[PDB]
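What follows is one structure encoded as structure tokens, with my remarks underneath.
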Amino acid sequence: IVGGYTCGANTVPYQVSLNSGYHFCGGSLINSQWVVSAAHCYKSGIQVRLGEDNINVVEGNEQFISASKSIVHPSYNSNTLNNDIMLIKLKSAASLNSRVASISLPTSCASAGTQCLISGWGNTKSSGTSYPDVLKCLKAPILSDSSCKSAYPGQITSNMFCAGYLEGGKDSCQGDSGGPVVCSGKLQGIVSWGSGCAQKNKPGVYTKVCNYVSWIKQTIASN
Ligand SMILES: NC(=[NH2+])c1ccc2[nH]c(-c3ncccc3[O-])nc2c1
Ligand SMILES: [Ca+2]
Ligand SMILES: [Cl-]
């Protein structure tokens, strides 16, 4: 997260860290045994870490659970990143409390101007790499579809939306991929891609979760 602030320990209880010996992506807890992340964060050997704040120190509240399976959307296209969403089922259910909690799926899509909270342990520099130990937060608005398509002509599908600041300076970045974009208490986006991080007129692009709620429900119901 570039231009963000320190969230405060466990103030984002649905945030998870995907770990394979180091933090490589974020995710969101949607029920006690399932996490939603981005399809491009897929790899084998994933351990899901819940209740984290400092990812390099065991401070208490952490729950480390291995992924039993990861389900990449069947129509995920790695070249356009269209359908960039993945579901991870945990080997055991997590103990939910006030520090580890799930986030609700939306019943409707959010509109331009909605203010959302994006969080993660990704890079904090637009020019270079500084990776934080604690969780960073950023409040950013959803942009109109015309500004998003004007910024990335021919690359935005209906399963994507832009959020951020065209002036540059505040944005999600590498390491934040797969993490949450929460607006009014509902999970509306998943950190997916962008051109560099916090560059002027190049906002972040997010997977539009309201378009996948029936797919998530049906897939969880059959697995
Ligand atoms: N500017 C952004 N909002 C952004 C967000 C997530 C990203 N993830 C990546 C990324 N970069 C290199 C390898 C994997 C990634 O997910 N770039 C990213 C850029
Ligand atoms: Ca920790
Ligand atoms: Cl277009």
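Throughout, numbering of the chain's residues begins at 1 and tracks the sequence. Values below: every heavy atom of this structure, side chains too, minus hydrogens, waters and symmetry copies. Note that ligands are numbered from 1 as they come in the structure, with each ligand's atoms numbered from 1 the same way.
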| request: Name all residues meeting the side-chain hydrogen bond (donor to acceptor under 3.5 Å, both in side chains) criterion together with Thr129; count only those two or more places apart in sequence or in a different chain, and write none if there are none. | output: none

| said: Can you give me the closest heavy-atom contact between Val12 and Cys137, atom names plus distance? | reply: CG2-SG, 3.8 Å

| note | Atoms listed for the Ca ion (ligand 2) (protein only, N, O or S, under 3.0 Å, no waters) are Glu52 OE1, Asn54 O, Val57 O, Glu62 OE2

| Derivation of the side-chain contact (heavy atoms from CB on, under 4.5 Å) call for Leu105 and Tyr212 | CA-CA 10 Å; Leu105 286 179; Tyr212 304 93; over 6 Å; no

| query | Is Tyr76 reaching over with its side chain to a backbone N or O of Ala38, donor-acceptor style, under 3.5 angstrom? | reply | no

Can you give the donor-acceptor pairs under 3.5 Å from side chains of residues 24-36 to other protein atoms, not counting sequence neighbours?
from  : atom 1 : to    : atom 2 : distance (Å)
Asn31 : OD1    : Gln33 : N      : 2.8
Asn31 : OD1    : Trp34 : N      : 2.8
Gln33 : NE2    : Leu90 : O      : 2.8

| query | Do other residues, nucleotides or ligands put more than 12 heavy atoms under 6.0 Å from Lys69 NZ? | reply | no

| request: Could you label the plane-to-plane angle of the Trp193 and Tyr152 rings as parallel, tilted or perpendicular, counting under 30° as parallel and over 60° as perpendicular? | output: perpendicular

| Is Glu52 reaching over with its side chain to a backbone N or O of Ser17, donor-acceptor style, under 3.5 angstrom? | no

| said: Let's go through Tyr206 and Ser172 carefully: what are the C-alpha distance in whole Å and the side-chain angles of both, what is the deciding distance for side-chain contact (heavy atoms from CB on, under 4.5 Å) to 0.1 Å, and is it a yes or a no? | reply: CA-CA 10 Å; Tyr206 303 89; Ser172 46; 2.7 Å; yes

Ligand 1 polar-atom proximity to protein (N/O, under 3.5 Å):
from     : atom 1 : to     : atom 2 : distance (Å)
ligand 1 : 1 (N)  : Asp171 : OD2    : 2.9
ligand 1 : 1 (N)  : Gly196 : O      : 2.7
ligand 1 : 3 (N)  : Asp171 : OD1    : 3.0
ligand 1 : 3 (N)  : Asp171 : OD2    : 3.3
ligand 1 : 3 (N)  : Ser172 : O      : 3.2
ligand 1 : 3 (N)  : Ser172 : OG     : 2.9
ligand 1 : 8 (N)  : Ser177 : OG     : 2.9
ligand 1 : 16 (O) : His40  : NE2    : 2.7
ligand 1 : 16 (O) : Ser177 : OG     : 2.4

